[PDB]
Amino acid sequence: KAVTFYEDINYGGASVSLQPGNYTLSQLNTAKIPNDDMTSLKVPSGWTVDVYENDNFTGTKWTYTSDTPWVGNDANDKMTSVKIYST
């Protein structure tokens, strides 16, 4: 049970799974998730994922609460930091 971020549409390409927490760009990069590269994600039922356009949970924020095969053009390849809640 985790959030999995995918590099291409429809859960294709490289993928990394994360547990709840508040992840800066530095931490994403260590977890092998590159800057501005997230296109789809799987979110466990009851969890919340707050994707931020800029580092340290700033800039525009997109919220996902279910599996999302396509984040849309505005949010695509924009993730630089992310907060994940098991709520």
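Residues carry their position along the shown sequence, with the first being 1.
**Q** Once you work out the mean C-alpha B-factor for both 7 to 15 and 75 to 83 from the entry, which is higher?
**A** Here the higher of the two C-alpha B-factor means belongs to 7 to 15.
**Q** Look up the CA B-factors in the entry and say which stretch, 17 to 25 or 66 to 74, has the higher mean.
**A** Averaging CA B-factors over each stretch, the winner is 66 to 74.
**Q** Test of reading the entry: by CA B factor among the chain's modelled residues, which third contains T60?
**A** For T60, the deposited C-alpha B-factor lands in the lowest third.
**Q** Ranked by Cα temperature factor within the chain, is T48 in the lowest third, the middle third or the highest third?
**A** Answer is middle: the recorded C-alpha B-factor places it there.
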